[PDB]
file entry-v8.cif (mmCIF, C-alpha atoms)
data_protein
loop_
_atom_site.label_atom_id
_atom_site.label_comp_id
_atom_site.auth_asym_id
_atom_site.auth_seq_id
_atom_site.Cartn_x
_atom_site.Cartn_y
_atom_site.Cartn_z
CA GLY X 1 14.72 -3.19 -0.04
CA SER X 2 11.11 -1.90 -0.09
CA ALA X 3 10.35 1.37 -2.02
CA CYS X 4 6.90 2.52 -0.69
CA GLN X 5 6.41 6.31 -0.10
CA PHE X 6 4.93 8.32 2.85
CA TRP X 7 1.27 8.28 1.62
CA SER X 8 1.30 7.73 -2.22
CA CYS X 9 0.34 4.02 -1.63
CA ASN X 10 -2.48 5.12 0.74
CA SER X 11 -3.81 7.55 -1.94
CA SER X 12 -3.55 4.77 -4.63
CA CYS X 13 -5.58 2.45 -2.33
CA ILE X 14 -8.21 5.17 -1.57
CA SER X 15 -8.37 5.72 -5.39
CA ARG X 16 -9.20 1.97 -5.78
CA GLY X 17 -11.91 2.68 -3.08
CA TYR X 18 -10.12 0.88 -0.16
CA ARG X 19 -10.42 1.77 3.58
CA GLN X 20 -6.62 2.28 3.84
CA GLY X 21 -3.31 1.06 2.35
CA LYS X 22 -0.34 -0.51 4.24
CA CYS X 23 3.30 -1.31 3.25
CA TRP X 24 3.46 -4.91 4.64
CA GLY X 25 3.86 -8.59 3.61
CA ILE X 26 6.61 -11.15 2.70
CA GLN X 27 9.24 -11.48 -0.20
CA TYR X 28 7.66 -8.91 -2.62
CA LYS X 29 8.20 -5.10 -2.89
CA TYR X 30 4.75 -3.66 -3.83
CA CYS X 31 2.43 -2.02 -1.18
CA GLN X 32 -1.17 -3.36 -0.53
CA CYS X 33 -4.60 -2.34 0.97
CA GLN X 34 -7.66 -3.36 3.11
#

call {"tool": "encode", "arguments": {"input": "entry-v8.cif", "output": "structure tokens"}}
result
Amino acid sequence: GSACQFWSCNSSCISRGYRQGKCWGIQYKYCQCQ
């Protein structure tokens, strides 16, 4: 299934300068931000 961690996606997104990250979508595995 999906393989996103507790907050390691959220830290990756904040490191790209995003407002927050969120493990959501369709078909794919990888976590995304906003």

call {"tool": "resolve_selection", "arguments": {"input": "entry-v8.cif", "expression": "the PyMOL selection byres ((chain X and resi 19) around 6)", "output": "PDB file with C-alpha atoms, keeping the file's coordinate frame"}}
result
ATOM      1  CA  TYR X  18     -10.120   0.880  -0.160  1.00  0.00           C
ATOM      2  CA  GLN X  20      -6.620   2.280   3.840  1.00  0.00           C
ATOM      3  CA  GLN X  34      -7.660  -3.360   3.110  1.00  0.00           C
TER       4      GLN X  34
END

call {"tool": "atom_distance", "arguments": {"input": "entry-v8.cif", "atom1": "CA of residue 1 in chain X", "atom2": "CA of residue 27 in chain X"}}
result
9.9 Å

call {"tool": "atom_distance", "arguments": {"input": "entry-v8.cif", "atom1": "CA of residue 15 in chain X", "atom2": "CA of residue 31 in chain X"}}
result
13.9 Å

call {"tool": "residues_near_point", "arguments": {"input": "entry-v8.cif", "point": "(-0.3, 7.9, -1.0)", "cutoff": "12 Å", "atoms": "all atoms listed in the file", "output": "JSON, numbers by chain"}}
result
{"X": [4, 5, 6, 7, 8, 9, 10, 11, 12, 13, 14, 15, 16, 20, 21, 22, 23, 31, 32, 33]}

call {"tool": "decode", "arguments": {"input": "entry-v8.cif", "residues": "range 5-34 of chain X", "atoms": "N, CA, C and O atoms", "output": "short mmCIF file (atom, residue, chain, number, x, y, z; two decimals), in the first residue's frame"}}
result
data_model
loop_
_atom_site.label_atom_id
_atom_site.label_comp_id
_atom_site.auth_asym_id
_atom_site.auth_seq_id
_atom_site.Cartn_x
_atom_site.Cartn_y
_atom_site.Cartn_z
N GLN X 5 5.54 8.19 6.21
CA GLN X 5 5.81 8.19 7.65
C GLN X 5 4.94 9.19 8.43
O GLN X 5 4.12 9.91 7.86
N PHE X 6 5.13 9.25 9.75
CA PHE X 6 4.44 10.14 10.69
C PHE X 6 4.50 11.62 10.24
O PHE X 6 3.46 12.23 9.99
N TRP X 7 5.72 12.14 10.10
CA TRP X 7 6.02 13.54 9.78
C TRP X 7 7.20 13.76 8.82
O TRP X 7 7.46 14.90 8.41
N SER X 8 7.93 12.72 8.41
CA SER X 8 9.07 12.87 7.49
C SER X 8 8.69 13.46 6.11
O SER X 8 9.49 14.20 5.54
N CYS X 9 7.47 13.22 5.61
CA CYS X 9 6.93 13.92 4.43
C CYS X 9 6.73 15.41 4.72
O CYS X 9 7.18 16.27 3.97
N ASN X 10 6.10 15.73 5.85
CA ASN X 10 5.81 17.09 6.29
C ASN X 10 7.10 17.92 6.42
O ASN X 10 7.19 19.02 5.87
N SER X 11 8.16 17.35 7.02
CA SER X 11 9.50 17.95 7.05
C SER X 11 10.13 18.11 5.66
O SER X 11 10.71 19.16 5.37
N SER X 12 9.99 17.13 4.76
CA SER X 12 10.45 17.25 3.37
C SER X 12 9.76 18.42 2.65
O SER X 12 10.43 19.26 2.05
N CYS X 13 8.44 18.54 2.80
CA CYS X 13 7.65 19.64 2.25
C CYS X 13 8.06 21.00 2.81
O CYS X 13 8.29 21.94 2.04
N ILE X 14 8.19 21.13 4.13
CA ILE X 14 8.68 22.36 4.79
C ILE X 14 10.11 22.69 4.31
O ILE X 14 10.43 23.86 4.09
N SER X 15 10.94 21.68 4.03
CA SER X 15 12.28 21.87 3.45
C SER X 15 12.25 22.37 2.00
O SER X 15 13.12 23.15 1.61
N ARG X 16 11.23 22.00 1.20
CA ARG X 16 10.93 22.63 -0.09
C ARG X 16 10.23 24.00 0.06
O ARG X 16 9.89 24.61 -0.94
N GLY X 17 9.97 24.46 1.29
CA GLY X 17 9.34 25.75 1.60
C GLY X 17 7.80 25.76 1.59
O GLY X 17 7.21 26.84 1.56
N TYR X 18 7.15 24.59 1.57
CA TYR X 18 5.68 24.48 1.54
C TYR X 18 5.04 24.82 2.89
O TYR X 18 5.70 24.86 3.93
N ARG X 19 3.72 25.05 2.86
CA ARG X 19 2.91 25.39 4.05
C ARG X 19 2.71 24.18 4.95
O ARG X 19 2.80 24.31 6.17
N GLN X 20 2.43 23.03 4.33
CA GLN X 20 2.38 21.70 4.92
C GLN X 20 2.41 20.63 3.82
O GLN X 20 2.15 20.91 2.65
N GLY X 21 2.74 19.40 4.20
CA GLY X 21 2.60 18.18 3.42
C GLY X 21 1.43 17.30 3.87
O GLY X 21 0.87 17.51 4.96
N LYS X 22 1.01 16.36 3.03
CA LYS X 22 -0.22 15.56 3.17
C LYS X 22 -0.16 14.28 2.33
O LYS X 22 -0.02 14.33 1.11
N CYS X 23 -0.29 13.12 2.96
CA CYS X 23 -0.28 11.81 2.29
C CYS X 23 -1.66 11.50 1.69
O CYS X 23 -2.49 10.82 2.30
N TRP X 24 -1.94 12.04 0.50
CA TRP X 24 -3.23 11.89 -0.20
C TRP X 24 -3.07 11.85 -1.73
O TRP X 24 -2.06 12.33 -2.26
N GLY X 25 -4.08 11.32 -2.42
CA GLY X 25 -4.16 11.32 -3.88
C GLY X 25 -4.91 10.10 -4.44
O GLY X 25 -5.86 9.61 -3.82
N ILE X 26 -4.48 9.63 -5.61
CA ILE X 26 -5.00 8.45 -6.34
C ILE X 26 -3.86 7.68 -7.05
O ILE X 26 -2.89 8.31 -7.48
N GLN X 27 -3.96 6.35 -7.16
CA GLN X 27 -3.03 5.38 -7.79
C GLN X 27 -1.59 5.31 -7.23
O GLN X 27 -1.08 4.22 -6.97
N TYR X 28 -0.90 6.44 -7.12
CA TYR X 28 0.52 6.53 -6.80
C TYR X 28 0.80 6.41 -5.29
O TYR X 28 -0.12 6.44 -4.47
N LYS X 29 2.06 6.19 -4.92
CA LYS X 29 2.51 5.96 -3.54
C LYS X 29 2.96 7.26 -2.85
O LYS X 29 2.53 7.54 -1.73
N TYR X 30 3.78 8.05 -3.53
CA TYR X 30 4.52 9.21 -2.99
C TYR X 30 3.65 10.37 -2.44
O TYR X 30 2.72 10.85 -3.11
N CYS X 31 3.98 10.82 -1.23
CA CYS X 31 3.34 11.93 -0.49
C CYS X 31 3.58 13.32 -1.14
O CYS X 31 4.59 13.53 -1.81
N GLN X 32 2.67 14.29 -0.95
CA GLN X 32 2.67 15.59 -1.65
C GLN X 32 2.33 16.78 -0.72
O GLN X 32 1.95 16.56 0.43
N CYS X 33 2.47 18.03 -1.18
CA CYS X 33 2.36 19.23 -0.32
C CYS X 33 1.42 20.32 -0.84
O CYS X 33 0.79 20.17 -1.90
N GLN X 34 1.29 21.42 -0.09
CA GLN X 34 0.46 22.60 -0.45
C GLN X 34 0.99 23.97 0.02
O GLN X 34 1.99 24.06 0.76
#
